[PDB]
Structures are given as structure tokens and as C-alpha cells.
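# just dropping in an experimental structure and the matching sequence.
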Amino acid sequence: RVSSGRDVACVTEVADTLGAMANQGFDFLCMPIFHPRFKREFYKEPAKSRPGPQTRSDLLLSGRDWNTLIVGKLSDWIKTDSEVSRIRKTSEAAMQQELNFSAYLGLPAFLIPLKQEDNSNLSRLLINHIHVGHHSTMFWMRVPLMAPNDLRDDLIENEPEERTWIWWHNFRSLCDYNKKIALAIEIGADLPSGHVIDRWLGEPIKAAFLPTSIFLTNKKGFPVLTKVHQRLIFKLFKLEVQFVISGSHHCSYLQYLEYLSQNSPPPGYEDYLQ
Amino acid sequence: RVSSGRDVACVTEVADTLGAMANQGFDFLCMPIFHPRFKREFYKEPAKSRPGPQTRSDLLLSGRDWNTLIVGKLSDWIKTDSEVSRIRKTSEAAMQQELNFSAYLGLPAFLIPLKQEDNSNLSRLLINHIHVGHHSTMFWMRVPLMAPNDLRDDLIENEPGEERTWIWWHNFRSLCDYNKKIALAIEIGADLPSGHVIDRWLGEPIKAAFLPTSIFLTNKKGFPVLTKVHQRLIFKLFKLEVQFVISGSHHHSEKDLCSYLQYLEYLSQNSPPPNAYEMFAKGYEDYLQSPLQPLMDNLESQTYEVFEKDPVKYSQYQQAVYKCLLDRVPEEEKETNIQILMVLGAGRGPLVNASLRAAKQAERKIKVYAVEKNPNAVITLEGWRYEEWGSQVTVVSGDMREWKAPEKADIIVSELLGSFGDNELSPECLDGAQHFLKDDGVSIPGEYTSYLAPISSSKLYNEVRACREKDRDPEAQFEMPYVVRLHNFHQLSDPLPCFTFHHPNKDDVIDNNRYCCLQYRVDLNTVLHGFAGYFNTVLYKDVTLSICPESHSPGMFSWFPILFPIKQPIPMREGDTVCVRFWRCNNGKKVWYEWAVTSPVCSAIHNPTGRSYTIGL
Amino acid sequence: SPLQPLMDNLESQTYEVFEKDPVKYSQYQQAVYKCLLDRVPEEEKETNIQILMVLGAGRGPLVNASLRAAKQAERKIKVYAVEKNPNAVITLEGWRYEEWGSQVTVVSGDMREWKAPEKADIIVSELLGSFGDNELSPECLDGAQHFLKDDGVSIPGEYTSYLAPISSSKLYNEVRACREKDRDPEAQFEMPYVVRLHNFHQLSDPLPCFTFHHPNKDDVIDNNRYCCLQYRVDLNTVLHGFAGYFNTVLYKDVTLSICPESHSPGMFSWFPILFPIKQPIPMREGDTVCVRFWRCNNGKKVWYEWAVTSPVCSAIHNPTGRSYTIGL
Amino acid sequence: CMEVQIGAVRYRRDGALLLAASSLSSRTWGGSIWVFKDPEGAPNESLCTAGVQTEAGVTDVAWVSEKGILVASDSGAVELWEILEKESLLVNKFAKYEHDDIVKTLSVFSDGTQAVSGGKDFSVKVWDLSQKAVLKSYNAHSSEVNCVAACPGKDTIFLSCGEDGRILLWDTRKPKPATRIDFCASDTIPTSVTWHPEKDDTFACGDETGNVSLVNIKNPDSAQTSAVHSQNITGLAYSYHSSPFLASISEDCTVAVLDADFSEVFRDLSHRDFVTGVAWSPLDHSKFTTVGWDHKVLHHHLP
Ligand SMILES: Nc1ncnc2c1ncn2[C@@H]1O[C@H](CSCC[C@H](N)C(=O)O)[C@@H](O)[C@H]1O
Ligand SMILES: Nc1ncnc2c1ncn2[C@@H]1O[C@H](CSCC[C@H](N)C(=O)O)[C@@H](O)[C@H]1O
């Protein structure tokens, strides 16, 4: 019956935001457990000796809430595969810090975005965290169907599909196809071919991210997706994946999702292996 | 809701009997799949060539009804342990026939009664049928609490102890190697054995309880009523959540079968409120996990929440700080003396708050240091710090063994105690934190002592035996401690003091390597399966905590006991002595335990060199 | 499997094998020879006593090679012979009270925990493995760096490990048969082996992997390393793993190396090392081989993690040192 | 009171100090804007002239004309605040949530009626401050936009740099406005850009490595780069001199000043955390003020 979540960039008040997104019709919330701008030093003084809390404590929500309502988001300033040695070191420390905190809270899922082809060191740190005790945490890998550089506008006069698939494949292969590692696809304004789409659907997708900017405004000022996007939602429906609404309010986009469901085209030994 | 079933002797029309008992209030039907009188030949003509179906078809009921509504009953004429070869051979063929058909129907459970001590050939046939692929069918072994010969009326002139039928079940289950698919279905008679015997029965995997219609007394109104003796047995069965089965004709009372079910529902809603229980509920009853290591591992927030749920530990520690303050700073120094208190291993707060409120209760001023190695917990600690506490509490992130304190402390407060006292490496942590304690400083807790007691538990042993993991020593599970529950084992002797650690340790050369020989005398004929571990501790003077069996000190519900299993169980007589050699080793990188039994039979040293179990740092 | 002289105490027979190579003895003796002449002039031929410390003295050889280097250079040295192996110390105190004298002070203990009552001019150690740092030479010297003078010289001064993609169906099947009971049935592929050159065929020239210099004057000393080495395939073959070599600089111009086409002595002083692969990769010519190699140090253990990302993307071998670690 | 982490610091053409602070560690991740006519009074909220709290954290602030104040919020909105001077009050005029992610930076053109926004949603938006709405939204960057800088004297030209490693020169007249500028060691990620007040076709940029570069758009082969800091440059600012000095701040908790010949003149190690702001004083041309996450508002002077 369409299970949906809300992706936020930053939360000023956790208790208020949860109730606000509950009134909108969202089930869970994708939020950062550390402030996305709160960068931190681990090796060099005096920034290393920064006083005060690293982030908001676990006592803001009940254990029930952390385990059912919250999907953690990794800080975007963390680049574990940076060619800069100093940055690579800092990211490794920050990577372990946030992964450990997400497991401490007992989060059901944790978002780790893939923004490039080289995610070797990331996979190394991730499977290490999984192997060292900490468990019961699904790892959603945010991977766009199309690369950000392939979706940008041709506005650079001196700089005028299988790409992002290699990102996910190489990372998953490096992680030895770990069960705690799933996929969270992000839908752009342009979709890949039908065959490529079906190939993505073969992967353990647990979430589908819908940017608010891919929705068209109807005659009566209502959100609407193209038939190309619609057929993809129809395929995602029979996989029982969750949908996450990201972007600015300018918020009942879930109505159109339920609308696409109630009136969805008609058709479980599919996994079966003995 | 009380799930119950009906035991019928025979069924003419199946569809009729189902709907009949369904409107009586039953949830399932215990019926035979073959006619109880339809004795058949297999090896000799002309009876061998019997035409017609062997029994009724499977198309009478749907698969859904067969899987959820029907419990099959084995024919009683089948005696696979008869001393007559012709009878045995016939029964063996008959045994396999009804078993394979019951599995063919997809029956959830199958009834096989035990009527004697010798069921050797029965076991062989049963575990075979389980091993030849046909499974998913629970096997209810109907065993009466009292033998039929012990419940008969003394009506014979020339022919005029209660653990008799226990041997029937114990020998059978042992021969079946404690198979998972084999359960117990007790049959309650007019007379009941000892309460301890009953408690031993309830320890077994009881899936059903048979209530004959002849044990019910007819009230003055004509309603079926159980005696107070039986009612207490039913009460114990209620918390095991077993299913009840009514057997016999309802014509022993003036009412129908439904009245028997209403009386049980009546007892259910009037059953006594459970306490001394419900701590563990619902439940840590079958708790068999490895001891947590808060030092080698960073605990989760959910894990901390469990430890912080006991008000006893909070109260006693608050009381300890309360008394300790009043004893080291007089009334004339009520404000000119600031006690330096350090909470080593602050966790998420509780110990820090318990120290602050103890300072206000004693009207003493304290300077608090809250140190923790868990970075995730420090985040919680700095929440209280910058909202509630203030500058009087200094939050430190790091190990107490490596932390350099800029100020010596008067009082150090820690709660690094495990189920065995020192199994969470409390001594090592405090020893490395002893240097920044003043020469006249007080440590809380001041001392703690572990205890060992020889136990007997075929239940716990087989649970450990099933803990064989792949890619390791197939016997490693027996060489590691488990956190268990008291009611899952039977203690064979009073616990003896094992290892004692006091703080601050003022020894010449501090060594946490320990060794002792504990001897116990056996007063029964039982089997040694391992040793239970308890501990007691002294926070401050007279303020204590203990999980020892017969302790009058609070804290009996603050920790589960620990279990050190044995590889080869030792059957012992009464008068035998049990000497156990117990080691606590520390090689600088790891800490572990090594144990061995040298009496009555000399076993082998378990977990040598920590090959199977170690504790970090 | 590579010996671990740090986690384990070597046997006398084992030492005898290491002391059988005259090349290592000569080059180290030559290193001390040149180092002395460079830090004390001719006019200070007797008024300057150099404080030399043999860290990991073993059974003697390095101490004697330092004494004879002092006589060859006509310089006076005060020797400290430290060792953690109690059994080897017994041998060290044999030379001490029969041959050496009071000029050599025998110390029993770890160089990382030992408190030297006198800073040293020269520290001499031979903690090098087949892969250079696989015997944890950096960690040992880093913890022994504090009692080295501000202008002190360390021998060796630096060393570098090398990796090269190889092909060997012979070595692979030998590793495949190394499946032991009561452990991961694929653990044998996630651990290094000490092998021989003629048992494999190198597919490309070796590239520099990790480099360690002593004394390490970095801000925050970290022995955690990571690199991506790429090689081009010129044949149609099957990738079975990676060979590991190393080269080192004892003193200026005096070097030791086991690299394939090295003109420096020491080609027979160490066997190469082998990092196997789980799934062998059949490759065409023109293909590139990128290998991700990690050296990890969690404070309690040290290990290696490797993965192939070209042409086919494999999995990370020995993650979190689940199959292979090195003590301390 | 004012939040711990101070984000930015801007000077007004009379001495008025404009600081922005945000909470990045507490339970409430909000923000607040402050105006100090007496800079020495900072960061004491008791000595301010006007202060107000925003709905979320504030990444960047900029002066609009003399009474208007632009705000880049965590909510992905651009807010215009006006100073009701000596009412001790700050009143919002509009808050438009055009960005789909955190607005990391924003710059105001010379005319004081237009502005450009840099977003974490890869978006670059030019704003019409008069009509309270955007003009054109540009998606040229393939990653997070780090810094944007309007060209002084030109109301159609501005610079931008992002995590995609691109430094784009803009001209909102051309069908393809963006033009990528390249020079020696431009492979790094640019984190801050600013225009040179006295040189044509010349700008100063900084990377996440610690380098501060002087680049002439025409002939980029003579670009002067200098390892000024050891970590990410968090801001750049030129002085009001005829031959302006270049002040640089970074995550290494240091503040440095280069001259016209790119040689170091000043360096302060007084900050105890990430210095996140820097601005020169219109009154004293030797005075410049820096702010950091240590809640310090320090003033400096040239030798
Ligand atoms: N060496 C050390 N230094 C600092 N903190 C330590 C420490 N060893 C343990 N701790 C902290 O002390 C706390 C002990 S919690 C122990 C719970 C207790 N055994 C029970 O069952 O009730 C943990 O949060 C841990 O982080
Ligand atoms: N931390 C430490 N402190 C003291 N001695 C050490 C040490 N680590 C290693 N050693 C000693 O140094 C010696 C290194 S022998 C190494 C042999 C060399 N890798 C080869 O193959 O030729 C050993 O005898 C060992 O006892």
C-alpha cells in the first residue's frame, strides 16, 4: 500500500520534524545523525581538541523510534577515496565514527552515497565495520541511475548509461555481495534503456529516491510523472520497494504514488531455490 | 486464550466429529489415522493379501485442515518391543506404515504412547523415520505422570517409586539423542507425584497435557471441577503455554464437553499473579548467550538501556556514595572540603547522577570526572554535561588505563562487574586506573568475589551441544562460558568462593592470574554437566550486591548466573566428591578461564591457552 | 607461512639459517663501516665514542659485525645489544662474558618498552621480512626511535616493498590444497606465502608498494598504507596472485634487494612472497591490472588486505585480518 | 544567546559588523543573524544593535545595499532580512525555498538588486532581489557548489567553483554562460573564489589541499600558486588598498595574508578551531576581522 519516506538535508528539530512528516503521510525519515556541515579534525591541534558534543544524543528519541523511524545519512564531506592523503585519513576516521554511531542507535538502515567509480577504500571500511561485531544494520547504497555529469545542462562551451552500473557492481563485488548491503536507486530526469532498468531491478533494491524536481505540474497545479517514469514506478511496485521523497516542497506527492497504485496494470516462487 | 484439543477413541464420520468438537470450543482433534482395531498382517497369507484400502483417504480433508486441525494417533496394538519375534516384526512393519502416512498427510503432530521402560526398538524406528527425509512433524510422546499399575485400585488379595515413568521418557529421549522433533505429552492421573518431580517434568519440552474426564470432580451443581492439587499443576502448565487435551466420555458429569473447557478458561483468568517470576519474562527463560564484553566491544544504546533498568544497582551505588562521603568529610568541613569523585565507565549517565544526588543527600560538595572509552556513550554523556550537569562534571573520552588525570581522586566509582564478577575484566581496568587515586582513596566497589557450584542440567548441556558453529573446533562450544538462568539447571552443592579482587590492590606485584581447587560432596545420584558461576560485591561498608543462591543481600535480580559447561558429562553416585581445578589467565593481550574436573573422574582441561574463549585486553 | 620473529621466539636452528648468508653480514658490516667514518672525523679518532645500539641482536652476528666495523674504521663504539627472545639472550651473554666485554651491554626486553639510560648515535636492526615490513620492522623501530639522538643514524635507513602480477597454476593448486579443518575453507587464499621464483611466471615489472624510512620524522606516525598499482598485460594468461619483493638502504649507497632485475647484492638473501587470489582471472593482452593493496594496523594486530579491480573486479581478500594477521 | 559555531562575517560601509552563527552540535540545529555597529562588542549579544534567529542554520550572509541582508539557510532557502535600525529589530522580507539542498554560498552584485546562489543540490541560481524571485537556475556543476563570487562592476558576470573540480566563469547573456578555467595543478577541488579589485580578468582561488592561487583568465600559464595553508581554504578576501593584500583562512585554524607579489606578511594562530570568516574594515584599511567555530571574533592589523 505504498510505504514512503522523507529525505531531508538537515533537521533543526527532530521531535518536530517527525510529527510534521507524519502528518504528511510519511512512514520513516532519512536524516543525518551528524550535522552535514559539522566537519571535525582527528589528528591536528587545536581543532582535534574541540570541546562539546559531536552530535545530538540518543536520548532525543526512544529506542523504538531509532529502530523503526530513522534512516541515518552519511556526511557528504566524507571522501574515503580522495587522492589527498590527509583527506583520506580524516574521512576514514569520520567514516568509522558515523558507522559506529548508527549501530549504537540501532538504526534499521544507513545511507551511504556512491558519487564515483572508485569506492575501494569505502568498501574496505564498510565490510570491516560489518565484520567487527556491529550488526542488524542494513546499508542502503544511494546510486543514481544516471551520472550527475550526464544529467547536467549543456552550459559549458569548453566542455559539452553503463557508468553508474559499474559503480554499484564494482562496490558490491568488492564487498563480496554482503547480505547487509542493499541498493537505493535515485531517479533522474532522464532514464536509461529498458534493459538496463530491468538489470537494476535484479539487484537487491530496498528503496527508490524520487527527486521533487522530476515531477511535472499539471493543469490544476498537481504533481505528475511522465509515462516513462510511470512504467518504472510500476516495476518498482511489484518489488515492494520503499519510495523516498527528496528535494524542496516547492508535499503530498504520495497521493500521485497511491494514484499510480490503485490504478496499476495487473500481472511468489521467484526467489525459490531448492 | 487457552488452546485445547479433543482426544477421541475412534471416529465414524470425520467431517461430523470436527464440526462437533469445533462448536465445543476445541482447536484441534486427536484422532487415529488407522482404525485402532484394524490389526493387519504383513508376512503371512491369506491375511497378507487383504483387499480394500488400508484406511480412509486423504481427500476427506483439505491440506489446510490436515496441517492445522489433526493430530494423528498411533495404533495401540502395535508393540514394537514385544519379546515375541512374530509380534515385533509385525509391529515394526506397522510402525513404519502409520508414520510414513502421518508425514504424508502433513500432520503437525503425531501421538505415540510409552507404556513401559523398554522402548529401545521404538526409538530405532522413530529416529530412522526422521532421518529418511520425512520431517516437520512433531512427535508427542504420551507419558503418564504415574504408572497405570500405581494408579489402579488395590482390589487383588494375592497382589497388593513415582519416578518410574520418568525413566520411560528419559531413556527414550536419550536413545533418540535428544532429537528436536520429539516432544512430551504428559498424561495427568488422579494421583500426582512430588512437586520436585513435577518441576522436573515441566523442564522437558512439554507440548501438550492430557486431562482425563475421570479426574474431574462433579460439583453440587453438576459442573466439572478439578481438585486444588490438580489446579496448581494446571497453573504451572499455563505459563509454559502448553495445549490441553480432554480424553474420555463427558458422561461423568451432567454437562457436556464445553463445560470442561470453560473451567480451564475460568482457572486461566483466576490464575495467581506471577512474581519471583516475570523478571525474566517473557522471556529470558531459555537464555543461552555469550557474556557481553563492554571492554573489547562498544555497547549499543539499547544494551545500556537494559543495564539501566534495574533500580537496585542504582540505589545501592547511590547509597554507597552517600555513606562514603559522610565518612571521609565531617560536619565542620561541610563546605570547605570538596571531594574529588571519578566515575570510571560512566556509560550514558546513571552512575554520575547517582553520585550527584548522593552528594546533595549527604550535603557534601563533589568535583565529578566522568570518563568513558565508548565514543558513542560520550556523546550521551556530553548531552547531560551541557544541559543538566555543568562545569562540576568533566567528561573524559578514553580508557581509564591510559588516561592521565590532572588531579588525584578521593573516590572512584565503577560498575564493570559481570555475571562471574571479574569476567568483564574489572580488575585490569581498575588496576590501570589506580595510580590517580589518592593514598587514602576509596574505590567503589571495594571488593568482589566469584563463586562456583557443581550443577546438573541435561537441558542446558544439549543446548550447548547444539551450539556447534561451522569453520571452528566442533567441541569449542563446551570450552566457553554461557549466561544462563537458574531454573534451567539443578545445583548439586552449595557454591564456594573462587576468586577475590579488592581495590585498590596494594600488593607488591599485582597479578590477576588465579588458581584454586574447589571440592564438593555429592548427596544424590546425578550427572555433572558443568558449573554455575555467581558473584558478590561490597560497594561500600555494609552496602553490598550479590547474585549468590541463598543470599540475603539485594541484587538477586540484577545479574543472570554464568555457566561453565563440560565436554564429557559425569554420572555420579552419592558420597562422591567433586574437585574442580579453575584457572584465570592473563597473558597481557587476552584474559580467559581454564577448568578441569579431577573427581570423581578425571576429565581434561577445558579451553587450554584460551583456544576457544578469551576476553579482550 | 612467513615467520614472525616478533610474535614468536625463533629457535636456535632458525637463527642458524638466517646467519648462513655472508652477504647480509658483509653489507651490514660495510654500512657501520661507512657510517662511523662519516659522523666522526680523523682528529676525533679517540676523543669521540659513538653510541651504537644493535636492536634485535639475535645470537650475536650483528654485534660482531659492528665491532669489527669499528676496528676497520679505527673508531671507538659503546655497544648495546638488546633482544626480547630470552633464549637468544642466553647466547648473547655467552659472547658477553667470554669475548666482548664491558663495552657491550646485553639487554633483555622489547625495544619499544626498554628505557635507554643513554641516547644512541647509531641504531642497527635486521627486522626485514620477504615483503620488507611484514615482520613489523616499522612498529618496532618507531617505538625505539625516542632514545635515538636528534642527529642519529638508523640502519637500515629505509626500505620499500614491491608487487608484481604473476601466473602460476602450480602455486595456486598448492595453496588450494592448504585447506585446514576447523576454519574458513577459503582462508588459505587470504594469506601470504613464502615461495620461490622459478615456481611462478611474472606478468609485469614490479611496482613500489609501501616505503618506510627511519627515523620517521612525520607529524603523526601512521603505518596504515594504501596504494593502487596498475600493470599492462602483454600475453594471454591467468592471474593467480602477486609476488612481493623488497629493497632496502642500510647506509648511503650500501643496499640490499631481492627485486627481480636488481644489480644490488642480496638476491639470494630472501625468498619472495606470494599474495594468492581466490578466483583466478584469465586475461587477454592489452588488459590492465589494477590492484588495491592495504596495510592495516589496529593497535593489536597488523595485516594486509588486497583486491583486484581490473580487468575483472574481485573481492577484498583478508578483510579485517580475518584469515591472516601479524602480532603486535 | 548566539550559537557556538560562527559561520560568516561581513563589514558594512560604516563599520557595522555582520556575523552569522549556527548550532552544529546541540539538540537544536538552528541559526541566527547578528548586526554589530560596534565590532569590538562581538560576539557579546548584549552589545549588539540587532539580532534574530533563523528557522535553520546559516551557511553564508551578505550585505544588500545598506539595509538589506541576504541569508543562505540549511533549509535550502535564500532569505532577505532588513534592518529596522534603532528599533533593535530584524525583519524578514522573503524566504524562497528554491534549492533542493543546503545553500552553501551566495554573493551580491554591485548594483545591490541581484545576487547569485550556490547550492548543495548542484544548482546555481541568479536572484532578482527586487521581485523576490529567481531569474534563471543553472545546473552546470555535477557536484556541490562551494563558492560563488559576483564580478564587481559587472552585473552579468560571476565565478563559481564546486566539488566537481570545475571553476566556471559566467556570463548570463551567452546561450552557454559557463566557461571552465584551467591552470597548473587545477586537478584539485576548488573551495573558494574571489575577484581581484584592481586587476582585470584576474581572480584568487583556494583548494581543499591548502593552496591559494592567483589566476589571470587571459594567459593562465602565469598563474601564481602558493601552499599557504595545510587544509581546506574556507574563505578569501582582498583589502581596500590600491595594491590589495590577500587574506586567507582555512581549516588549519590559521589566518594568513599575502601581498601583491604573493609573499606572506601576516599569520595569526590565535584561533582554536576552524576559522570560517574574514572581512576587511572599510574604516581602517589595516584592520580585518576573522571568526571561527571557537566562538571567537578576532581583529587583526597589518605591520
Ligand atoms: N578501561 C576502560 N576505560 C574506560 N571505560 C571503560 C573501561 N572498561 C569499561 N568501560 C566502560 O564501563 C562501562 C561498563 S557497563 C557494565 C555493565 C555491567 N557489567 C552490567 O551488566 O550491569 C561500559 O560502558 C564501558 O564503556
Ligand atoms: N620489538 C622488539 N624488541 C626486541 N627485539 C626484537 C623486536 N622485534 C624483533 N626482535 C628481534 O630481532 C630479531 C630479528 S631476526 C629477523 C631475521 C630476518 N627477517 C631474516 O629473515 O633474515 C629476532 O631475533 C627478534 O628476537
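Everything's here; your move. Numbering: from 1, shown residues only, chains lettered A, B, ... in the order given. Ligands and ions are numbered 1, 2, ... in the order given.

# my guess is residue A:112 contacts residue A:140. True?
Yes: shown here, residue A:112 and residue A:140 form a contact pair, counting by Cβ atoms under 8 Å, at 7.2 Å. Bear in mind the C-beta positions are built from the backbone N, C-alpha and C, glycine included.

# what's near enough to touch residue A:247?
Shown in contact with residue A:247 (Cβ atoms under 8 Å, 6 or more residues apart in numbering or on different chains): A:7, A:211, A:212, A:213, D:100, D:121.

# same deal with residue A:56?
Neighbours of residue A:56 in contact, by Cβ under 8 Å, 6+ apart: A:14, B:383, D:25, D:26, D:27, D:29.

# that one and residue A:246, how far apart?
According to Cβ to Cβ, to the nearest Å, residue A:56 and residue A:246 sit 22 Å apart.

# returning to that earlier point: in a markdown table, list the contacts of residue A:56 along with distance to residue D:75.
Shown next, in a markdown table, are these (distance: Cβ to Cβ, whole Å):
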| residue | distance to residue D:75 |
| --- | --- |
| A:14 | 15 |
| B:383 | 25 |
| D:25 | 19 |
| D:26 | 18 |
| D:27 | 18 |
| D:29 | 11 |
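
# looking at these, which one is closest to chain C?
Ranked by distance to chain C (Cβ to the nearest Cβ), the contacts of residue A:56 are led by residue D:25 at 24.5 Å.

# quick one on the thing from earlier: show only the entries of the contacts of residue A:247 found in strands.
If you go by DSSP state E, the contacts of residue A:247 have A:7, A:211 in strands.

# ok, and the most crowded of the contacts of residue A:247?
Among the contacts of residue A:247, residue D:121 has the most neighbours (other Cβ atoms under 10 Å in any protein chain shown), with 26 neighbours.

# roughly how far does it sit from residue B:43?
Noted for residue D:121: a distance of 85 Å to residue B:43, by Cβ to Cβ.

# try residue D:67
The separation that residue D:67 has from residue B:43, given Cβ to Cβ, amounts to 111 Å.

# what's residue 230 in contact with, if anything?
No chain specified, so I'll use chain A. By Cβ under 8 Å, 6+ apart, residue A:230 lies in contact with residue A:260.

# look at chain D instead
By Cβ under 8 Å, 6+ apart, the neighbours of residue D:230 are A:44, A:86, D:210, D:250, D:252.

# for residue D:231, see how far away the first one is.
By that I understand residue A:44. From residue A:44 to residue D:231 the distance is 8 Å (Cβ to Cβ).

# just the helices in the stretch 101-250 of chain A please.
A:120-131, A:163-174, A:194-202, A:227-237 (DSSP state H, counting those that start in this stretch).

# and chain A, which residues reach chain C?
Counting by Cβ under 8 Å from any Cβ of the partner chain, chain A comes close to chain C at A:43-44, A:88-89, A:120-121, A:123-124, A:127-128, A:131-132, A:169-170, A:173-176.

# give me the buried subset of those.
Burial by neighbour count, 16 or more other Cβ atoms under 10 Å in any protein chain shown: within those this picks out A:44, A:89, A:120-121, A:123-124, A:127-128, A:132, A:170, A:173-176.

# thinking again about what came up before, mind putting the contacts of residue A:247 in TSV, distance to ligand 1 included?
Converted to TSV, the contacts of residue A:247 look like this (distance: Cβ to the nearest ligand atom, whole Å):
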residue	distance to ligand 1
A:7	33
A:211	42
A:212	43
A:213	45
D:100	40
D:121	40
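
# quick one, strands of chain A?
Using DSSP E, the strands of chain A run over residues A:4-7, A:28-32, A:70-73, A:109-113, A:138-144, A:181-186, A:205-211, A:216-217, A:223-224, A:242-246.

# for the helix or strand hosting residue D:21, packing partners?
Assigned by DSSP states H and E, residue D:21 falls within strand D:17-22. Contact here means 3 or more Cβ pairs under 8 Å, 6 or more residues apart in numbering or on different chains; DSSP states H and E; on that basis strand D:17-22 packs against strand D:5-11, strand D:31-36, strand D:58-64.

# quick one: strands adjacent to that strand?
strand D:5-11 (antiparallel), strand D:31-36 (antiparallel) (DSSP bridges).

# now that strand and strand D:58-64, what's the angle there?
160 degrees (axes from the mean of the first three to the mean of the last three Cα atoms, to 10 degrees).

# roughly how far is strand D:17-22 from the heart of the chain?
12 Å (Cα atoms, centre = their mean, to the nearest Å).

# what lies in contact with that strand?
Strand D:17-22 is contacted from outside by A:37, D:2-12, D:29-39, D:42-43, D:57-61, D:63, D:69, D:71, D:74, D:277, D:289, D:291, D:295, D:297, using Cβ under 8 Å, 6+ apart.

# Produce a PyMOL select command limited to the buried residues of these.
In PyMOL, a selection of the buried entries from the contacts of strand D:17-22 looks like this (16+ other Cβ under 10 Å):
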select buried, (chain A and resi 37) or (chain D and resi 2+3+4+5+6+7+8+9+10+11+12+29+30+31+32+33+34+35+36+37+39+42+43+57+58+59+60+61+63+69+71+74+277+289+291+297)
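
# residue in the stretch 1-150 of chain D nearest to chain C?
Closest point on the stretch 1-150 of chain D to chain C, by Cβ to the nearest Cβ, is residue D:143, at 22.0 Å.

# same deal with the stretch 51-200 of chain D?
As assessed by Cβ to the nearest Cβ, chain C sits closest to residue D:187 within the stretch 51-200 of chain D, at 16.4 Å.

# and that residue, which of the three is it?
Of the three states, residue D:187 takes coil under DSSP: H, G, I helix; E, B strand; the rest coil.

# contacts only, for it.
The contact partners of residue D:187, by Cβ under 8 Å, 6+ apart, come to residue D:165.

# for ligand 2, see how far away it is.
Distance, residue D:187 to ligand 2, by Cβ to the nearest ligand atom, to the nearest Å: 40 Å.

# re earlier: common neighbours of residue A:44 and residue D:231, please.
Common neighbours of residue A:44 and residue D:231, counting by Cβ under 8 Å, 6+ apart, are residue D:252.

# what's the burial count for residue A:249?
Look at residue A:249: counted by other Cβ under 10 Å, it has 13 neighbours.

# wait, isn't it in contact with residue A:212?
Yes: counting by Cβ under 8 Å, residue A:249 touches residue A:212, with 7.4 Å between them.

# out of the contacts of residue D:230, who's nearest ligand 1?
Using Cβ to the nearest ligand atom, the shortest approach to ligand 1 within the contacts of residue D:230 belongs to residue A:44, at 24.7 Å.

# any idea how many residues pack against the residue nearest to that closest one when sequence neighbours are not counted?
Once flanking residues are discounted, residue A:44 sits nearest to residue D:252: 7.1 Å by Cβ to Cβ, 6 or more residues apart in numbering or on different chains. For residue D:252, the neighbour count with other Cβ under 10 Å is 23.

# wait, isn't residue D:252 in contact with residue D:227?
No: at 11.2 Å, residue D:252 does not count as touching residue D:227 under the criterion of Cβ under 8 Å.

# need the contacts of residue A:247 in TSV with distance to residue D:177, can you?
Formatted as TSV, those follow (distance: Cβ to Cβ, whole Å):
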residue	distance to residue D:177
A:7	30
A:211	23
A:212	25
A:213	20
D:100	21
D:121	18
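
# what's the spacing between the residue in the stretch 51-200 of chain D that ligand 1 sits nearest to and residue D:71?
Closest approach of the stretch 51-200 of chain D to ligand 1 (Cβ to the nearest ligand atom) occurs at residue D:57, with a separation of 31.7 Å. As judged by Cβ to Cβ, residue D:57 and residue D:71 stand 10 Å apart.

# surely residue D:43 and residue D:294 touch.
No: Residue D:43 lies out of contact with residue D:294 (Cβ under 8 Å); the separation is 10.5 Å.

# out of the helices and strands packed on strand D:17-22, which is closest to ligand 2?
If we rank the helices and strands packed on strand D:17-22 by Cβ to the nearest ligand atom, the stretch that ends up nearest is strand D:5-11, at 44.6 Å.

# which residues does the closest one contact?
Residues outside strand D:5-11 that contact it (Cβ under 8 Å, 6+ apart) are A:38, D:17-25, D:31, D:43, D:57-63, D:276-282, D:289-293, D:295-297.
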